[PDB]
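Only one structure is covered here, and it is reproduced in the block below.
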Amino acid sequence: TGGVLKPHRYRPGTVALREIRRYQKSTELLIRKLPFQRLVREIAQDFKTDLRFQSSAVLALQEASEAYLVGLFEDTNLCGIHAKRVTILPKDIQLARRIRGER
Amino acid sequence: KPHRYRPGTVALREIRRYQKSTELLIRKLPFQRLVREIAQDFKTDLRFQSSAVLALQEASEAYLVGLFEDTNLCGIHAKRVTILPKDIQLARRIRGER
Amino acid sequence: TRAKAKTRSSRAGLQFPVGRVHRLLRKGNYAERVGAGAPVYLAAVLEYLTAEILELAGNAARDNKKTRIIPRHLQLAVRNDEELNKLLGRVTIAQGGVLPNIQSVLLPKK
Amino acid sequence: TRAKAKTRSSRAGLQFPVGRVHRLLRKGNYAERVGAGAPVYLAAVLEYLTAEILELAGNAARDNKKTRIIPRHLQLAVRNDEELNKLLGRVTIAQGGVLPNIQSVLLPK
Amino acid sequence: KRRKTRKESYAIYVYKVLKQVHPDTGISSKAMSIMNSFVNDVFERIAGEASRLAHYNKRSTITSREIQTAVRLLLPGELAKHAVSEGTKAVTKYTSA
Amino acid sequence: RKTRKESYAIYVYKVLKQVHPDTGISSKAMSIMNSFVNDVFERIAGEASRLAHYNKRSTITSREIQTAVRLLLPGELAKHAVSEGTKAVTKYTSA
Amino acid sequence: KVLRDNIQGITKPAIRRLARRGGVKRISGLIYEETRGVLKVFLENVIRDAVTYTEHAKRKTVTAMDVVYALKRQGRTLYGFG
Amino acid sequence: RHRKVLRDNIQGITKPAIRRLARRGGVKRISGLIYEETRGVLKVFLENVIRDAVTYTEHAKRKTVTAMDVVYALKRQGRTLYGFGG
Amino acid sequence: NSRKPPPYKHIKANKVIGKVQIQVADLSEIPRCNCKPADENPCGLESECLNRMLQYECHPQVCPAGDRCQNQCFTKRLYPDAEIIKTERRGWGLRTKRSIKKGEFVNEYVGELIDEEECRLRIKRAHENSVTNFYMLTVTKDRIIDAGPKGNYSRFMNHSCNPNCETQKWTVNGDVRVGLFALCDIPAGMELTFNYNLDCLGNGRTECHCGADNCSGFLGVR
DNA sequence: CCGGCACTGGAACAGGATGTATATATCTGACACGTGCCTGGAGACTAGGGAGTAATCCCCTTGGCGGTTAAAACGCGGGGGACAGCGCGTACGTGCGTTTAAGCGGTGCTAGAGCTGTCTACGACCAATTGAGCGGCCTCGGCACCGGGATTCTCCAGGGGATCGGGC
DNA sequence: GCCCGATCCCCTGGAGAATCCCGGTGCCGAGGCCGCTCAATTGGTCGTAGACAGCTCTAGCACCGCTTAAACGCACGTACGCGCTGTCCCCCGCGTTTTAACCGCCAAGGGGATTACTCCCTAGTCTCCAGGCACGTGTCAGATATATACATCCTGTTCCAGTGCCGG
Ligand SMILES: C[S@@+](CC[C@H](N)C(=O)[O-])C[C@H]1O[C@@H](n2cnc3c(N)ncnc32)[C@H](O)[C@@H]1O
Ligand SMILES: [Zn+2]
Ligand SMILES: [Zn+2]
Ligand SMILES: [Zn+2]
């Protein structure tokens, strides 16, 4: 007897294009700082034991990792659009890196 | 009926022939007349040594042979076997030249 | 020190230190000797490359109704100029984001 | 000079000239003062590197049943070893050819 | 206090060239470091190419002529045609008086 | 006239006759090994220079020349050559 | 006091954000275990050189210029830290 | 003073001369429009190297493009070349 | 039986009553399109307007098209036509009097703002007398658009399993709003309808007396 | 309602033709060797400072603790995009007859790289002095946040003139 | 036939209403004002790198003739780009509950950045001699052509499986 009137959900491809135009306008960092900082201190524990990092040294690896990944995902997209698709697959990254030189 | 080899073999067995010799694959005089002409836009009345024209032929060949190696991966990416003009531009654009 | 002092910048008419560039050329192990007009030439090519970027940065900072240059405007300043994008090809500017660009085949057709 | 001349490369047991490496270091505008155990260390590395690209070129040249070494053998002994292929990555070797390699998708059935 | 030691930079010449092309705008602190680094990065390229020019020819000096060629080798098409002008003018104005 | 043009020819040839006594080498091949050495030399020394300049020093020493090897040679080369060098340096002093 | 498993800190939405800034519209489901594998080998080649530059100066702290020089050694200059 | 004007020499890079380079690279079937684009790719790589060779020459006050100017111009782009004197 | 509907306070915008507040934005949290001084319809219907494809409301002060961008369709308010006609047993229903096209801005849906706890209290209060509460639409959490007490001529919009118009969800000036649009262009004289989904808290004793081939179902089932 | 004289489809391997390879004559020009000479590397001292070593001061890296809340995790539905299979036709691979420059030897020649002798202007080096540049301390104010009237507009409001159903 | 106590298209008395104008207040960061100290300007002295003027000689440009390998048209038939259709499944949007990232504190000590002081290790001259570079030379490894020997590629004439389809 009692009901509500909910509107129709967004068509697939709308909340994915809004974020593309939103994040391509901000300038923040996109990975959680503490989880990224524990990862660095774990990786560098294989070269010299019990060493220390500066506050703006853990903050400099993070501004290079992001600019590496964001520029890798721009050259993956072109391979995906080349193969006549919309979805980027696990076999686009490999061709991207191979042609670029890293492998 | 002159035995008519089937398409796809006279190419596949010259691939494996040009990958064992180390000669130069472009004609000497036609290539030299081109280098001398590109270098008229920068200074008139130049003179090239004999070993300066052979230093550019090898660079050019080693550039093209390794551009086509990357072309032949995009074409296989798209599920083809031929290489069109749209495969070269993708390779260059991913390297970072265009 | 029997006469009136003048810097070497005001002689050439520059705003960069011709006195400091000479010292870096000497104490930097570039060559055994250094000519006398090398710093005067190298500073006038540094003020020009600085003007050419600060002007574009100010232009792009004016077009957001803002009055102050922050690191995003320097990114938008070089990424749109065909020669500075080639001079700074492999260079990351901290907190600059990227350029607005959606591929023309992704937009919802009709 | 009561004592007899003894080259500075024999004191170390090497074959590359420690006497010439030192001079090229000093007169190359790399720094102001050049230490005394620096050329003895640099020559020992230069001599070890040129004795790993030749131990492989010799083996590559003995499978073609030849006695001399030609540029093709150096390209083969460089692009078939994964460490030298990473050190000499962006380097062209004149008269080198390419590695025999033909994709697995184009093959007949 | 130990009177912290001085550390130089181009942070007051970058701030003087700006008031010639925009007499009213400002600049940010974290965006001045970028121009500092840009100057420190372009100075090194243009000097380390003149080093090699003067060494290929078996010379022992950097002059006002190795720097002119290093700029033509480093800067792109149109940049490297006004930079040479500004240089060759700021030296004529200096050797005159 | 025709003064000189030094090169590492007669040392590369000496090193060859230790790993392959019955082997020769063509002129072209020689003119490749020569450039290989002239290129690795100024790729290592050009890093010792920058190291000494980053640490505000003036002497190129075995420590700079050794660290410049771990930043250039990859993987197992960086671990073999370093031991190959600490042998020559050790033998030099005790002489 | 050892660490482990912390690679799971580059979570799934955290990769979707980086992809959206890249420009991609749809995203497969096996990208999330392949991106963590490209990241963990970019960090090693840089922290190795940072730790070497540090050990050469007899320090015990990976300062902020070690990272800038280690990134310059690979043609990835980074403006804004030194 | 014989300066016989040169013109339209880019067509000396014939069709078989490009099929051979494509074969050495590992290409099985070539399309029909690659021939007009490979020439455009080559005539751009050649300018960026001959310009620098001529610059290195003008600085030494000579008139003969030598075999070391080319090696230096190539090494300046990350394309080192062994075998011609280094 | 010539009586009339019980009075409803006709209103043009929304009114805040409960514990909810307003989130009016400034001229810096509004996206900017890529249009330009162009044909008669900038940011128009067929015009590939970035905002229009993404269901945003353009703004007269930020768009380069000046002020004539035809995307500003939540201030002009160019609405449908003649009101309640008589149906068989339903309350009154409505219909159209002027013909429209396909995918046009048909009238909005406007009323009061109510939160969930006030919503549950209002429906339970209206439940004891079985007043047959019928007007209750939601958009996000802790924000429910109500059209019972007051509203607009969008409240007598009939339900069907084969609708004619649809209920979208646009974003106007920092806030989210609901605007009904047309599926298929219609001449003047067919009674407008749109489907909607329900949420049962008790039992189901309601049937879809709309009229179609599969439309029997239930007021919560397609 | 399932089969028999004679039909219909599916599989495979020798037999050529080609191509790459097997062992030899022959020969020639480039590689490996002495030989003589010069110049750069080795031996021995001597003087000045760059770096090794010890001791301080304080910056700042790491370590807990609690509290608010935004972002990560999980499961349910519904539809758009990835992938396979057919079908048509267009463009490129293969082989042959023929035209057109590339390649290989002599020959001439002169323009310009290369080398050596004088010598003169130009940059390193030293002492002193004074003004620019850096660290620190105060500022002023252009803007973020609130109010205060309060103007423009409606709106709830019951009410001043028509309206009438009977009223007279 | 005229008229009257209640009853409705319209009106406006306050009340509201809500939002433009205009004005205070409080700030992270920037923009200026002095105390300091030490690096850049001036003025000379001095010795070598670099600019000219020859002068030899070699090697890059230009020509001519001859042989034959490579470029060029041209025709065919076929393998393969490319569009279409169907299907299903896996990636996206929308809720709910859980977890750990952020922020704001306080707290104790590792080690980075200085500074003072005394070696010992490198630059720099002489003095002397042998390692390495150019030159002329012999002789043999590798490049040709000749001839024959198997691998590979492609097909077409034999070779099972089942029935064509007709029927009693
Ligand atoms: C907007 S009200 C409709 C009121 C009235 N019947 C009218 O049309 O004006 C919507 C409610 O009507 C009830 N309803 C069910 N079926 C209906 C129908 N076929 N047409 C109209 N209302 C319906 C539902 O319970 C729903 O809550
Ligand atoms: Zn628009
Ligand atoms: Zn608009
Ligand atoms: Zn129905």
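Protein chains in written order, with full-length UniProt numbering: chain S, 33 to 135; chain R, 38 to 135; chain U, 11 to 120; chain P, 11 to 119; chain D, 29 to 125; chain W, 31 to 125; chain Z, 21 to 102; chain H, 18 to 103; chain G, 1066 to 1287.
In this text, a Cβ means the ideal position worked out from N, Cα and C, and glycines have one as well.
Along the stretch 68-88 of chain P, the positions whose C-beta sits under 7 angstroms from a C-beta of chain R are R82, read in chain order.
If one requires a minimum length of 4 residues, the alpha helix (DSSP H) runs lying completely within the stretch 83-118 of chain P are 94-97, in chain order. Counting along the chain, the unbroken alpha helix (DSSP H) around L35 (chain U) starts and ends at 28-36.
Rounded to whole angstroms, the separation of the alpha carbons of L97 (chain P) and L103 (chain W) is 7 angstroms.
Residues are counted here when their Cβ sits less than 8 angstroms from a Cβ of chain H; for the stretch 60-93 of chain W these are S61, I62, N64, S65, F66, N68, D69, given in chain order. Cβ contact annotation for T1203 (chain G) (same chain, cutoff 6 angstroms, sequence separation greater than five): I1209, in chain order. When C-beta distances to chain S are compared with 9 angstroms, the residues of the stretch 29-47 of chain Z below that value are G29, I30, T31, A34, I35, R36, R37, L38, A39, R40, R41, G42, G43, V44, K45, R46, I47, in chain order. Restricting attention to U:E57, U:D91, U:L84, U:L86, the CA atom closest to the CA of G105 (chain D) is found in U:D91.
Going by DSSP, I1209 (chain G) is part of the beta strand (DSSP E) stretching over 1208-1211. At a cut-off of 9 angstroms between beta carbons, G95 (chain H) makes no contact with chain W. Residues of chain R with a Cβ closer than 8 angstroms to the Cβ of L116 (chain P) are, in chain order, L49, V118. With contacts defined as CB atoms closer than 9 angstroms, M85 (chain H) and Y43 (chain D) fail to qualify as a contacting pair. For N1136 (chain G), the Cβ stays outside the 8 angstroms cut-off from all heavy atoms of ligand 4. In the pairwise beta carbon analysis, the stretch 41-55 of chain W is classified as touching the stretch 24-42 of chain P: at least three pairs are separated by under 8 angstroms. Its chain contains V118, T119, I120, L121, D124 as the residues whose beta carbon lies nearer than 8 angstroms to that of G112 (chain R), once the 5 sequence neighbours on both sides are disregarded; these appear in chain order. The DSSP-derived three-state label of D1250 (chain G) is coil. Taking a beta-carbon distance threshold of 9 angstroms, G45 (chain S) counts as an interface residue toward chain U.
Within 10 angstroms of the beta-carbon of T102 (chain P) lie 16 or more other beta-carbons, which makes it buried. What you get when you keep residues with a C-beta closer than 6 angstroms to any heavy atom of ligand 4 is G:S1225, G:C1226, G:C1273, G:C1275, G:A1277, G:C1280. Annotated three-state conformation of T11 (chain U) is coil, per DSSP.
Nearest to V1286 (chain G) by C-alpha distance, out of G:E1181, G:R1190, G:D1264, is G:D1264. With fewer than 16 neighbouring CB atoms inside 10 Å of its own CB, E1105 (chain G) falls in the exposed class. When secondary structure is reduced to three states using DSSP, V44 (chain U) falls in the strand class. Annotation: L46 (chain D) to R1117 (chain G) spans about 41 angstroms, alpha carbon to alpha carbon. DSSP places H1075 (chain G) in the strand class (E or B) of the three-state scheme. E94 (chain D) sits close to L81 (chain D), with the two beta carbons spaced by under 9 angstroms. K1080 (chain G) carries a strand assignment under DSSP once its states are collapsed to helix, strand and coil. DSSP places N1172 (chain G) inside the beta strand (DSSP E), whose first and last residues are 1170-1173. Within its own chain, the residues whose Cβ lies closer than 7 angstroms to the Cβ of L59 (chain H), once the five positions on either side in sequence are excluded, are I30, listed in chain order. Distances from the CA of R56 (chain H) to each of R:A96, R:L101, R:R84 were compared; the closest alpha carbon is that of R:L101. Per DSSP, the beta bridge partners of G1244 (chain G) are G:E1173. For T1203 (chain G), the enclosing beta strand (DSSP E) stretches over residues 1202-1205. Interface residue (Cβ-Cβ distance to chain Z less than 9 angstroms): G107 (chain U) is classified as such. Minimum Cα-Cα distance from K121 (chain D) among the listed residues U:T17, U:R12, U:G23 corresponds to U:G23.
Chain Z places no beta carbon closer than 9 angstroms to that of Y42 (chain S), leaving this residue out of the contacts. In terms of beta-carbon proximity, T97 (chain D) lines the interface with chain H, with at least one pair separated by less than 9 angstroms.
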